[PDB]
Structure formats: C-alpha cells, structure tokens
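Residue numbers (my numbering), protein chains in the order written: chain E, 6 to 154; chain P, 6 to 154.
There are 2 protein chains.
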Amino acid sequence: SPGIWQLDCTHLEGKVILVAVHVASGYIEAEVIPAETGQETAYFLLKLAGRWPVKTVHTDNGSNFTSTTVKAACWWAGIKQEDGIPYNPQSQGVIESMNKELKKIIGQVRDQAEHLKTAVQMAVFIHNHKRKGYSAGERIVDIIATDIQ
Amino acid sequence: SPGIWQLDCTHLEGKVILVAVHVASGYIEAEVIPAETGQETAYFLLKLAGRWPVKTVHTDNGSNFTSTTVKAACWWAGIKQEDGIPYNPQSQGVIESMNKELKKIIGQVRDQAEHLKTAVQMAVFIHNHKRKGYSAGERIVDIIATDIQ
Ligand SMILES: C=CCN(Cc1ccccc1C(=O)NCc1ccc(OC)cc1)Cc1ccc2c(c1C(=O)O)OCO2
Ligand SMILES: C=CCN(Cc1ccccc1C(=O)NCc1ccc(OC)cc1)Cc1ccc2c(c1C(=O)O)OCO2
C-alpha cells in the first residue's frame, strides 16, 4: 500500500498530461509531454522513483505495459511494473473523477501562464495542498513515515 | 527547519544542473536546463513546492534573488524567498561537496543513457536512496511527518 502508484494519461490543448497518483493518499505528480511514448513514460517513472519510494506502478495502458523502455526504467529504479486492469471497478471512476478535477483546476489557473506546463504544475500544487482534515501531501508523508517506523 | 530548502546551480557538459536541497535531510530534486534564467528557476520552484511543503528557499545567487519572475513564483507558491549568504561558513563546503558527489555519481552512470538529463535523474535516485542508518529520502519523510504531528 505505501509503495503503490497508478499512471494516468489525459489530454488537453492537443498535448498529453502524464499523471502518477499515489493510490492510498491521492497525492500526484504530473508533467506535460507532446505525446505519450515509452521513452517519455520511462523518464517520468525514473523521476518519480528518485523522489518517492515507488514499489509498484500500475501502468495506464497496454502499450506502456509492453514497452521495453518502460520495463527497463522499472528494472533500473527497482519498480514492479504491473498492468492497470481495474479489478476493482471503483478504480476507473476514481481516475475519471481525478482527471475532471485536474482539468477544472487547470481552467481556474489557465490565464495565469502562457504555457500549459505551468498551469498543470499550479494544478498539481492546488490538488496536493487541498484539505479534504488533511491534504494529499500530508497523507502521503504520514503513510510513508508510518511504513518506515 | 522541516520547510527550508537551498537552491544550487552546477555545470556539466555545457549545460546547467539546477538542484534544490532539503537542508535538514540532504534530500534533493534536480533538473537539467540549457541556462539558468529567472523563468527556469521560477518553474523549478513551482514544481518543487507542489511536491513538498516548501516554506523557505535560500536562493543560489543574487540574480535569482532579484528576479521578479522568481519572486512571483515564490509569491504564487507561498514560499519565503531568502538570500543564500552562508552566515554559517560550513554551508559553502556542504554544497561544494554535494556537487562533487553528484558529479561523481553522474560519471558512474553516464554511459547508461544518451541524454545528460537521464543520468542526472539516475544520480538523484542514487543520492536519495543511499544509506549513510537512514537515507535522505527516509530522513525527509520522517522530518516532515514529525512536523505534521
Ligand atoms: C515572465 C514570465 C513568463 N510567464 C508570464 C505570464 C504569461 C502569461 C500569463 C501570466 C504570466 C505571469 O507572469 N504569471 C504569473 C507567474 C509568474 C511566475 C511563474 O513562475 C512559475 C508562474 C506564473 C509566467 C511563466 C513563468 C515561468 C515559466 C512559465 C511561465 C508561463 O507563462 O507559462 O513557463 C515555464 O516557466
Ligand atoms: C530507448 C531509448 C533511449 N535510451 C537508450 C540508451 C542510450 C544510450 C545508452 C543507454 C541507453 C539505454 O537503453 N539505457 C538503459 C535505460 C533504459 C530506460 C531508461 O528509462 C529512464 C533509462 C535507461 C535510454 C533512455 C530512456 C528514456 C529516456 C532517455 C534515455 C536516454 O538515452 O537518455 O532520455 C530521456 O528519456
């Protein structure tokens, strides 16, 4: 549970937003890329796993599950690469709701920057700091500190 | 002290590596950019502060301390922007030693990727996971969790 993350790919403005969600907390990291390739996804996972103790990633589609570059990054970074089959049907819903919330936030900040990447990092910040009372950023730290102890 | 970070700029292969270090733990985030500008530094701090509870940043030089774009991102993200004067002379040495360790790690992985940005993210991963016993990634989570509690 503390080490499990889910990849999610959404689209805006003709670009791709790649998201990793820490499933137990709802905390996210995200980036804009011009298209989802195995190299971009592999690089994104390398970044994530240098920052948080990523044990397992549920990939966002079969092409990223198949990609030998993504499998190579997961090998390098010590991550168990898994499929993203929603054996719990509530998973599809949680991810659709997250993309809709993120896109809502991006539209709320969109005029505050020229480049979509800037708006998406403002949206990561607001999402992670939003009190629901704890924020997603507080929950991930507590979950992982509990695991370390 | 759980919220205090230090910016650091180092050079390799004709490029710039921008580093944020969490002072109490030694944990780092880093990125490669073609040159250190106010916009690149402001974007980097926006990313950092959406991922960790960044209260204070000691900027790496007077150009980033002065930059109105850097000041605007620190306003947006709720960061107190401070200068980086090493009132403790041990601060100079610690940053120099970190740059030398990071460049050593980059040389140890350099032939495992074409692009320097890849090598630098491998080096962030190795640095954050190295036990010296706890790793910097463990120390930062424990420090912030203690603080939330
Ligand atoms: C001279 C700055 C260029 N713009 C000006 C702009 C252009 C259009 C609308 C608003 C603005 C505006 O000032 N908003 C406030 C602001 C300030 C700093 C800030 O720092 C994170 C983010 C936002 C902001 C910007 C900075 C760094 C970036 C960007 C962009 C971008 O516009 O996307 O892209 C990647 O790094
Ligand atoms: C598949 C083509 C790309 N190369 C091949 C390569 C070129 C030269 C030397 C070694 C290799 C090699 O296979 N090493 C192992 C490896 C695999 C996956 C991995 O994923 C993080 C990092 C490393 C690795 C790469 C992937 C993603 C990127 C990169 C680069 C890069 O070379 O820098 O740049 C930004 O995203």
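C-beta: ideal position from N, C-alpha, C; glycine also.
Helix, strand or coil at residue i according to DSSP, with G and I counted as helix
i, result
"P:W57", "coil"
"E:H16", "strand"
"residue 161 of chain E", "No statement about residue 161 of chain E is possible, as the shown extent of chain E runs from 6 to 154 and does not include it."
"P:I90", "coil"
"P:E34", "strand"
"E:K137", "coil"
"P:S140", "strand"
"P:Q44", "helix"
"E:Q117", "helix"
Ligand 1 heavy atom lying under 8 Å from the CB of residue i
i, result
"P:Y48", "yes"
"P:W81", "yes"
"E:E119", "yes"
"E:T15", "no"
"E:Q11", "no"
"P:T71", "no"
"P:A77", "yes"
"E:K122", "yes"
"E:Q97", "no"
Counted within 10 angstroms of its Cβ, other Cβ atoms place residue i as buried (16 or more) or exposed
i, result
"E:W81", "buried"
"E:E36", "buried"
"E:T123", "buried"
"P:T64", "buried"
"E:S140", "buried"
"P:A78", "buried"
"E:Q126", "buried"
"P:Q154", "exposed"
"P:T151", "exposed"
"E:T46", "buried"
"P:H16", "exposed"
"P:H27", "buried"
"E:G112", "exposed"
"E:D13", "buried"
"P:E34", "buried"
"E:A40", "exposed"
"P:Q11", "buried"
"P:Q95", "exposed"
Residue range of the beta strand (DSSP E) that includes residue i
i, result
"E:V28", "Neither: E:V28 is in no beta strand (DSSP E) and is coded neither H nor E."
Any non-hydrogen atom of ligand 2 within 8 Å of residue i CB
i, result
"E:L51", "yes"
"E:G43", "yes"
"P:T74", "no"
"P:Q126", "yes"
"P:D116", "yes"
Segment limits, alpha helix (DSSP H) that includes residue i
i, result
"E:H134", "121-134"
"P:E101", "95-114"
"E:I84", "Taken as a continuous stretch (DSSP letters only), E:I84 belongs to no alpha helix (DSSP H), as it is neither H nor E."
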